[PDB]
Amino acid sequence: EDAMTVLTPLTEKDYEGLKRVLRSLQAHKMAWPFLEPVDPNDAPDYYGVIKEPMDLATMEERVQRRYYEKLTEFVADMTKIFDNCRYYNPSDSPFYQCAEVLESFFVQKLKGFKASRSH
């Protein structure tokens, strides 16, 4: 990550961009596994093996409350969603597949956000 990402405090204009990025991911066809916290009734062992769970509704709550002070912190929460999924699930599962697709989409949108910040 460059100078600006780590170091620049997030402004109110930055927050309008982050809201737009998050809504784009929530609208993606392969975001369904990540929209809400993992239901433990679907996997009674999940919260024993994943120590820092994350999901897009938790991220939306945090954006609304202005939790994030730097872009790096927002990126770290988003990356946790995809890394948790690839550690819990095998590489041939549809959940793993969805993480691969959605992370590539996030990277495209994040590059767009960074470009709009700089000019």
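Note that the rigid core is defined as the largest set of C-alphas that superpose within 1.5 Å between two forms. Numbers follow the displayed sequence, beginning with 1.
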* To do: Return whichever of 37-45 or 78-86 has the larger RMS Cα deviation from the displayed form in 8 other deposited structures of this protein, where every structure is aligned on the rigid core.
  => 37-45
* **Stretch exceeding the other in mean C-alpha B-factor - 92-100, 7-15** => 7-15
* Of 41-49 and 66-74, the stretch whose C-alpha atoms average the higher B-factor in the entry -> 41-49
* Relative to the other modelled residues in the chain, which third contains the C-alpha temperature factor of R20: lowest, middle or highest? -> highest
